[PDB]
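**Student:** could you work out the structure for the sequence below:
(chains A, B and C)
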Amino acid sequence: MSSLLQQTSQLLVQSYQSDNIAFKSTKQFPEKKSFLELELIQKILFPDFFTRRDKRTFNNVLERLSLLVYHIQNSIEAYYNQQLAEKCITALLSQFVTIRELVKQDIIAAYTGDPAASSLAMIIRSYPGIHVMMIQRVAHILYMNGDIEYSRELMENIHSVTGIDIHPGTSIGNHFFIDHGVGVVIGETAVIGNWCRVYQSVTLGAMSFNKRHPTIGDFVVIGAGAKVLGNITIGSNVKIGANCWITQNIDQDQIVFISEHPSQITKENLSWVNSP
Amino acid sequence: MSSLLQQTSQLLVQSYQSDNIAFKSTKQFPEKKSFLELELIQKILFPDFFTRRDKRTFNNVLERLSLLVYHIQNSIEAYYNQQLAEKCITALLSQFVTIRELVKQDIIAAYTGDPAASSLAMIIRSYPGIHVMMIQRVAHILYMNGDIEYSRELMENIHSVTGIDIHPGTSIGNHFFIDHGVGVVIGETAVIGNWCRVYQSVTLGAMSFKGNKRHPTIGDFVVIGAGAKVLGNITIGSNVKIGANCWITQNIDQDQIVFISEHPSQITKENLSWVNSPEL
Amino acid sequence: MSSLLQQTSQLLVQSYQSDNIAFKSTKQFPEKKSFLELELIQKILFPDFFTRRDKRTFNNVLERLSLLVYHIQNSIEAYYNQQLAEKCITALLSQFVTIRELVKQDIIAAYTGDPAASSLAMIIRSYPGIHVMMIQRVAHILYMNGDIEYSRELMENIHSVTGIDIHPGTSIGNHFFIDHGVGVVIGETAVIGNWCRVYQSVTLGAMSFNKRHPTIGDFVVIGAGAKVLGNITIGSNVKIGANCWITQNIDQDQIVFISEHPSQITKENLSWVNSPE
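**Tutor:** Numbering: from 1, shown residues only, chains lettered A, B, ... in the order given. Please see the structure below:
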């Protein structure tokens, strides 16, 4: 409905104005190409960082939001019907400013959680853990309103570009930060709390061989390469060391780490190019 | 060669028609872009999910097939010569329907092996483990007929898009399912049986530190859980399940469940303020 | 500026002439697309493998180099200003043939370090560990001279394409080989010596929960899945086995590996297709 696109675009413009200045910029950053939904959602959520200086008006918001919605409608129709597409888009449109506020808190969590994060522009423009969450919070609305096929395709699109695999059904709290992220897998029935931090190669997955994925409390940190598997619960304030294999419930305020250290035992160019 | 292209085109048309109903669809999906060989192979193997409804005639199949093989022929020539390129292409065309039947079984394996896979359409359009096998089964025929350079480049292309790293020399049986797949690495001389399932971050690789076998051979019905590292010229029997994060460096007999010996150990023990910092 | 671009172009052309037999090629390969900076750096460093035969004159080199330089300059200007952008561009130009020498040594390291590496052509066109180092050696110059935002952006672009995550601040010696590479993460303050070899899913990272990343010596090999965390040192000639969790220093001339083997215990298409349809 044209009326919903227009109402949502004005709500978005209001959201831009009440932004903290940290989320603003007078600069004109270079073009970022990726794929359609991400390019558009980036522009819609944070135009200052992804658009030409002259294309940051209400009409540009309306055009971009309309391109996004029409593409989403055509895809949901291809897998399902017009009736379901409309229901999904309506829900998405009503949720868009809420999504935008959630993505801002993800960005805040990245700046807080990463010593290498120097500014919000760096995080917004280049942190893949942020871009996966821009797409996931949109895809999750679609999934929850009955579209499980396009929402999965959407997540597989961002999966391809970041190496981060999050199912559209995953339920994720606020201030969620994935650092680096390549190899991260989070399954359909997983539940994640607030202020969680997750590193590369972490799996929140099903047992190797209904609810079949982990639930994670608040303020949980999961170190690189940990594999957290099965319908289990990690309590709040848990820290999980790198490469742990975790298949059991873990109580709150715990620290989990591989038990023991490994074993240690002791002990030009022309030549190399002469051999080929 | 045109006569071979026409027969393969006609055999593919016949293959489409004998498909089970589950592989067919009357719908018009949005176009999917990636890179040339993947887009073309997708349209060649499953037109119903990747092409405009008015581009599904024998001639459209022949156009897509011709463009694919002739891009392959031009790349192989660049590394080698026209004779080897023709040889590789001929083998690929003659195996093309065989490849299609194998990919269909990979799709079946994905559907049975994944509680989140709800339809064949979803699997066909979006599962990276299926897309990597579309490429790998093509590349492997090229490699086996002598083109080791372009078949590797081809595999690195699909690597760049899926994060799944499979060598063109890898020998892989039917009904093979990779779930999630990022970080998967499978080496040149590895051999994989039938009905295997492999998860993210799995290596079937060489020992960290000719006709050699330096990568693993795994049997049928093997499941390898996330993060497992299976290294060296070792054999994993059929019906073996390997738990997550395992480090395997020895042969494993059939009918074994393998897992890390010990659980990890375990010991006990806003925006406003945050926004004040980057503002100032 | 125009004259430094011309002298850098002539030094590059001479560097092409100086190459060993093995880095040359009479054949013409199909173009490779990715993203702008990688396409240009590939063509500038190895024209024989990435450009048409008729686009290898001095002016062709000068146009490719200028396109790159002007793209980087505007990108840095966008995050900072003309003053810093020129400082970085000047530094990069003065070091361009040095970077080319280092990348050739990375290629040599890949050939000697990988049995699947059959030829330099294959390595130059297709090895993602080489492509990430083409970018990183450029991005490191930019980072060292004050541009920490665009050099990060650059590294994230090559990250999307390879799944290899190397910070622009990382300091890396010569003959560096990443095999496979997906899931490799190397942090901002890490230091890597010469002739090191790193596999997929390796982290040289900070503690999960100034310098906070590891220093690695010469001839270190780190197997797949190893996590090396914190401001620790791995001495030279160390071999680190797959999936190791390293949180303490390792002296030189050591082999490190998980000490215990895993425990073990014993124990129709048509029908499936009817199920869902």
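**Student:** residues contacting the residue of the stretch 101-250 of chain A at minimum distance from chain C?
**Tutor:** For the stretch 101-250 of chain A and chain C, the shortest gap (C-beta to the nearest C-beta) falls at residue A:223, measuring 3.2 Å. Bear in mind the C-beta positions are built from the backbone N, C-alpha and C, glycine included. By C-beta atoms under 8 Å, 6 or more residues apart in numbering or on different chains, residue A:223 lies in contact with A:199, A:202, A:239-244, C:208-209, C:227, C:229.
**Student:** now, which of those sits nearest chain B?
**Tutor:** Nearest to chain B among those, with distances taken as C-beta to the nearest C-beta, is residue A:244, at 4.4 Å.
**Student:** that closest one and residue A:224 touch, don't they?
**Tutor:** No: shown here, residue A:244 and residue A:224 do not form a contact pair, counting by C-beta atoms under 8 Å, at 10.1 Å.
**Student:** and residue A:254, bridged to which residues?
**Tutor:** residue B:268 (DSSP bridges).
**Student:** how about the contacts made by it?
**Tutor:** Taking C-beta under 8 Å, 6+ apart, one finds A:235, A:237-239, B:266-268 in contact with residue A:254.
**Student:** ok, now with 10 Å
**Tutor:** A:234-240, B:266-269 (C-beta atoms under 10 Å, 6 or more residues apart in numbering or on different chains).
**Student:** cool, and residue A:7?
**Tutor:** Counted by C-beta under 10 Å, 6+ apart, residue A:7 has contacts A:1, A:93-94.
**Student:** between the residues you listed, which is nearest chain C?
**Tutor:** residue A:93 (29.1 Å).
**Student:** identify the residues contacting residue A:49.
**Tutor:** A:23-25, A:27-29, A:32, A:42-43, A:120-126.
**Student:** would a markdown table of the contacts of residue A:7 with neighbour count be doable?
**Tutor:** Listed next are those as a markdown table, based on neighbours: other C-beta atoms under 10 Å in any protein chain shown:
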| residue | neighbour count |
| --- | --- |
| A:1 | 11 |
| A:93 | 20 |
| A:94 | 14 |
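**Student:** report the central residue of chain A.
**Tutor:** Taking C-alpha atoms, centre = their mean, the centroid of chain A lies closest to residue A:133, which sits 1.8 Å from it.
**Student:** so what's that one up against?
**Tutor:** A:99, A:102-103, A:105-107, A:109-110, A:127, A:140, A:158, A:164, A:166, A:172, A:176-178.
**Student:** list only buried entries from the residues you listed.
**Tutor:** A:99, A:102-103, A:105-107, A:109-110, A:127, A:140, A:158, A:164, A:166, A:172, A:176-178 (16 or more other C-beta atoms under 10 Å in any protein chain shown).
**Student:** circling back to that earlier point, where do the contact lists of residue A:244 and residue A:224 overlap?
**Tutor:** A:202, C:208, C:245.
**Student:** ok, the first one touching residue A:227?
**Tutor:** Yes: taking contacts as C-beta atoms under 10 Å, residue A:202 lies within contact range of residue A:227: 7.6 Å.
**Student:** so what sits against both of these two?
**Tutor:** A:185, A:240, A:244, B:201, B:226-227.
**Student:** number of residues surrounding residue A:247?
**Tutor:** 18 (other C-beta atoms under 10 Å in any protein chain shown).
**Student:** now swap in residue A:3 and tell me
**Tutor:** Neighbours around residue A:3, by other C-beta under 10 Å: 7.
**Student:** could you do the one 3 residues further on as well?
**Tutor:** Here the neighbour count serves as a burial measure; for residue A:6 (other C-beta under 10 Å) it reads 15.
**Student:** for the one 4 residues further on, same thing?
**Tutor:** The local packing count at residue A:10 equals 13, with neighbours defined by other C-beta under 10 Å.
**Student:** contacts only, for it.
**Tutor:** A:58, A:61-62.
**Student:** hang on, the earlier thing: from the contacts of residue A:49, which would you call buried?
**Tutor:** Buried among these (16+ other C-beta under 10 Å): A:23, A:25, A:28-29, A:32, A:42-43, A:120-126.
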